[PDB]
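Novice: This one's experimental. Sequence and coordinates below.
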There are 2 protein chains.
Amino acid sequence: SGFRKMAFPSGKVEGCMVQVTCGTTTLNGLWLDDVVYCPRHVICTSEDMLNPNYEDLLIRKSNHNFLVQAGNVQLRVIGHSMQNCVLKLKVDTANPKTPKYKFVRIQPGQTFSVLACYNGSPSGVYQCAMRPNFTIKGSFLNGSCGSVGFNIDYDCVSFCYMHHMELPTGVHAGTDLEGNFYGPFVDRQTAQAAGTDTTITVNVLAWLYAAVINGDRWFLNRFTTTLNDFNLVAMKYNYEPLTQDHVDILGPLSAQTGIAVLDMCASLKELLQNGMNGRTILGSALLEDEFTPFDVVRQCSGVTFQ
Amino acid sequence: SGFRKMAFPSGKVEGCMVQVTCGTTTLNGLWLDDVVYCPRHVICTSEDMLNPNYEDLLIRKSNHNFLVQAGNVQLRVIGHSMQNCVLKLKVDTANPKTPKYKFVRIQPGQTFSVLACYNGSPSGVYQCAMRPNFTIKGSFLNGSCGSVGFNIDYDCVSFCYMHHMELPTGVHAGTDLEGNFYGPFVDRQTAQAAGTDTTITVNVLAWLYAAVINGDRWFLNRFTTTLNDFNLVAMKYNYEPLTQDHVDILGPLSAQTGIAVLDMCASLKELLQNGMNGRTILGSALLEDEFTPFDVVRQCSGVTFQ
Ligand SMILES: *[C@H](O)[C@H](C[C@@H]1CCNC1=O)NC(=O)[C@H](CC1CCCCC1)NC(=O)OCc1cccc(Cl)c1
Ligand SMILES: *[C@H](O)[C@H](C[C@@H]1CCNC1=O)NC(=O)[C@H](CC1CCCCC1)NC(=O)OCc1cccc(Cl)c1
């Protein structure tokens, strides 16, 4: 028992991280087979940021302008292309440590592990959720661009995030690995703000089930509620609407705990209206929304990876 | 910016995890050079747990009783010995993925990453602290024994924990890698309880500095306090005494933030006496004590590993 924010084991991704230097900018790249993926703003300079035309900027580059270092072995770039907001550097050596992998674009509310990196070297690993406003609340300093977020499925690494920038509230924005930003953000230095966020309701419910699985029950009640009247309460507390699809996703946890989904909704209602009154749940004094239902099942059942 | 509970990158340790089977028990082992380290209670059986004499139990074993599997390659045991509560299985193949490493016994209040494992396969990675009562609040199911905790220093893996059991409060107990339990616990099935825990004061202060570095300042004040009068307040709220050595350890964070250590103590005093009044710090509604001063500096300055 116990319940922690648990990241995926990072080894498969550590073997893919490289340093990409172009001009006065250094950031991280992702080396899979003979291609290095990195944010296209690596080709910007300190005076290009304002409103760059990356097509122009890229046609002015030569392969030899891109300095790619994999540890203490430097990689020759033999070609380059742009895909949305990611640069693909073709190198003359395939990464022998390339895992089985997929590129996936995730939905808000889904979670992933971030391998935070500087100069191609990993600093640490932690679990994030994609917020409803398409930002992540990460831990990123200068040099971290090109760090990736990922999930692991049995043996396969699903890459879903590459880091590009920090918004003025201190939250983070980036792309999928095909270079499409999450959210309305652009890799331009302009007025950009996160926008209003909401709590991921289905995740809070998953975490309440985690708590029950682990012996916290003080928040349960005999009441129930309908999905309608729950969502009426959710809206007032800035929670995402709970859908019938969410309810079905919470099915397995409901079976295992013997607590119908709509009964856990009634418990969440009372926690929203009354607060926790100095109680904690799973070591938290706040309702936690960065565990998906699958995260809970994985951790409370012991799934592993090969 | 941002601040997360960040684990060390786990790749170096993933390449050392193996499955150890003896009799009806399966658990994890740590394969470094030609030795596999695992909890000695692997040699117990379902009727041995009550009060086993492991010396007797071990002299009755043959090498071929230990089934060691490194993925889909099975390892022959060519010898076995006992060191305190860990079994050392000598195998005829050295692990080619052995990192540079140390065994270290940590002090309460120090943190480490846990690579949670089942059947020799990693499940997830997360950050723990050794509690003052020598337990850890982990996330461990049956089969997780032999999972290890570790820190990384530049390029070197310092192993500091191997998992053995869960106490009745749902917290976890284990040994250093030389087999000495942390705390008064024994690998015997008897009445064993964690004992009273306390909050790691120097860590709370580190985390308050993390908050300032990241733009939370609402808890600061103009007051100061003496180390004596702080510890008088600490005792009443079940906090560890703050030592002059703790104060000196918090020096770097004090410089960088311009906030004298004793002024941050005055801020912690008021948080203890008044609570947070519905405020949060770094996303938490509780005072967080599982970040050491070194953790804060590492994360807020961007240290990496090779
Ligand atoms: C890439 O390593 C870097 C990561 C940022 C720095 C601080 N936190 C992060 O996550 N990204 C940038 O610095 C980014 C660069 C621009 C270049 C032109 C196209 C759009 C991206 N700019 C950025 O994030 O500005 C905000 C910021 C806040 C605080 C410190 C800094 Cl250095 C930047
Ligand atoms: C080893 O994989 C296992 C890890 C425990 C199981 C549940 N959570 C854990 O951390 N350890 C044990 O099962 C341990 C075995 C004894 C054997 C005799 C010597 C001392 C250790 N016993 C144990 O932890 O009992 C408490 C417990 C609580 C809940 C479930 C279980 Cl299966 C055990």
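Specialist: All right, it came through fine. Numbers count the residues shown, from 1 in each chain, chains lettered A, B, ... in the order given. Ligands and ions are numbered 1, 2, ... in the order given.

Novice: could you list every residue that touches residue A:49?
Specialist: A:41, A:188-189 (Cβ atoms under 8 Å, 6 or more residues apart in numbering or on different chains). C-beta: built from backbone N, CA, C; applies to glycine.

Novice: Kindly write the ChimeraX command that selects the buried subset of the residues you listed.
Specialist: In ChimeraX, this line selects whichever of these come out buried by 16 or more other Cβ atoms under 10 Å in any protein chain shown:
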select /A:41
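
Novice: Please render the contacts of residue A:49 as CSV that adds secondary structure to the earlier fields.
Specialist: Listed next are the contacts of residue A:49 as CSV, based on DSSP: H, G, I helix; E, B strand; the rest coil:
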residue, secondary structure
A:41, helix
A:188, coil
A:189, coil
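
Novice: so which of the contacts of residue A:49 also contact ligand 1?
Specialist: Restricting those to those near ligand 1 by Cβ under 6 Å from any ligand atom leaves A:41, A:188-189.

Novice: Out of those, which comes closest to residue B:85?
Specialist: Closest approach between the ones next to ligand 1 among the contacts of residue A:49 and residue B:85, by Cβ to Cβ: residue A:41, at 53.0 Å.

Novice: Ignoring the adjacent residues along the chain, who's closest to that closest one?
Specialist: residue A:187 (4.8 Å; Cβ to Cβ, 6 or more residues apart in numbering or on different chains).

Novice: Secondary structure element holding the one you found?
Specialist: Residue A:187 belongs to no helix or strand when assigned by DSSP states H and E.

Novice: Now for it: which residues touch it?
Specialist: Shown in contact with residue A:187 (Cβ under 8 Å, 6+ apart): A:39-41, A:54, A:85, A:164-165, A:181.

Novice: rerun at 6 Å
Specialist: A:41, A:85, A:164 (Cβ atoms under 6 Å, 6 or more residues apart in numbering or on different chains).

Novice: which phi and psi does residue A:255 have?
Specialist: Main-chain torsions, residue A:255, degrees, to the nearest 10: phi -70, psi -70.

Novice: re the thing from before, so which of the ones next to ligand 1 among the contacts of residue A:49 comes closest to residue A:292?
Specialist: Distance to residue A:292 across these (Cβ to Cβ) is lowest for residue A:41, with 30.4 Å.

Novice: Close to chain B: what parts of the stretch 151-300 of chain A are there?
Specialist: Counting by Cβ under 6 Å from any Cβ of the partner chain, the residues of the stretch 151-300 of chain A close to chain B are A:170, A:285-286.

Novice: now residue A:220: how far from residue B:20?
Specialist: Using Cβ to Cβ, to the nearest Å, residue A:220 is found at 40 Å from residue B:20.

Novice: Mind jotting down where the strands sit in chain A?
Specialist: Ranges of strands in chain A, per DSSP state E, are A:17-22, A:25-32, A:35-39, A:67-70, A:73-75, A:77-83, A:86-91, A:101-103, A:111-118, A:121-129, A:148-153, A:156-166, A:172-175.

Novice: hang on, residue A:118 packs against residue B:303?
Specialist: No - the criterion here is Cβ atoms under 6 Å, and residue A:118 misses it with residue B:303 at 8.3 Å.

Novice: okay, the ones next to ligand 1 among the contacts of residue A:49 in TSV with distance to residue A:258 next?
Specialist: Listed next are the ones next to ligand 1 among the contacts of residue A:49 as TSV, based on distance: Cβ to Cβ, whole Å:
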residue	distance to residue A:258
A:41	51
A:188	52
A:189	54
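
Novice: Ends of stretch A:161-181, what's the gap?
Specialist: Stretch A:161-181 has an end-to-end distance of 9 Å (Cα to Cα, to the nearest Å).

Novice: Which residues are in contact with residue A:134?
Specialist: So residue A:134 contacts A:182-183 (Cβ under 6 Å, 6+ apart).

Novice: please redo it, this time with the cut-off set to 7 Å
Specialist: Neighbouring residues of residue A:134 by Cβ atoms under 7 Å, 6 or more residues apart in numbering or on different chains: A:108, A:182-183.

Novice: Of all the residues in stretch A:100-118, which ones are buried?
Specialist: Buried, per 16+ other Cβ under 10 Å, within stretch A:100-118: A:101, A:104, A:106, A:108-118.

Novice: ugh, wrong one, stretch A:55-67
Specialist: Buried residues in stretch A:55-67, defined by neighbour count with 16+ other Cβ under 10 Å: A:57, A:61, A:66.

Novice: Quick check: closest non-adjacent residue to the closest residue to chain B within the stretch 1-150 of chain A.
Specialist: Nearest residue of the stretch 1-150 of chain A to chain B, counting by Cβ to the nearest Cβ: residue A:11, 3.1 Å away. Sequence neighbours aside, residue B:11 is the residue nearest to residue A:11 in space, at 3.1 Å (criterion: Cβ to Cβ, 6+ apart).

Novice: who wins for proximity to residue B:254 among the strands of chain A?
Specialist: Checking the strands of chain A against residue B:254 by Cβ to Cβ gives strand A:121-129 as the closest, at 23.6 Å.

Novice: Does anything pack onto the closest one? Which helices or strands?
Specialist: strand A:111-118 (3 or more Cβ pairs under 7 Å, 6 or more residues apart in numbering or on different chains; DSSP states H and E).

Novice: what's the burial count for residue A:201?
Specialist: Number of residues near residue A:201 (other Cβ atoms under 10 Å in any protein chain shown) recorded here: 24.

Novice: Roughly how far does it sit from residue B:218?
Specialist: 28 Å.

Novice: Also residue A:68?
Specialist: Residue A:68 is 44 Å from residue B:218, by Cβ to Cβ.

Novice: These two: which has the busier surroundings?
Specialist: Neighbours were counted for residue A:68 and for residue B:218 using other Cβ under 10 Å; residue A:68 has more, 22 against 11.

Novice: Now do the contacts for residue A:92.
Specialist: Contacts of residue A:92 (Cβ under 7 Å, 6+ apart): A:76, A:78.

Novice: Quick check: the residue in the stretch 101-250 of chain A that ligand 2 sits nearest to vs residue B:138, distance?
Specialist: Nearest to ligand 2, among the residues of the stretch 101-250 of chain A, is residue A:215, at 10.7 Å (Cβ to the nearest ligand atom). Plainly put, residue A:215 is 15 Å away from residue B:138 if you go by Cβ to Cβ.

Novice: Kindly report the same for residue A:71.
Specialist: Going from residue A:71 to residue B:138 by Cβ to Cβ gives 33 Å.

Novice: quick one: which of the two has more around it?
Specialist: Shown here are residue A:71 and residue B:138; by other Cβ under 10 Å, residue B:138 has more neighbours (24 against 11).

Novice: just checking, that one touches residue B:114?
Specialist: Yes - applying Cβ atoms under 7 Å, one finds residue B:138 in contact with residue B:114, separated by 5.9 Å.

Novice: anything in contact with each of those two?
Specialist: By Cβ under 7 Å, 6+ apart, residue B:138 and residue B:114 have these common neighbours: residue B:128.

Novice: The residue of the stretch 1-150 of chain A closest to chain B: neighbour count?
Specialist: Counted with other Cβ under 10 Å, residue A:11 comes out at 25.
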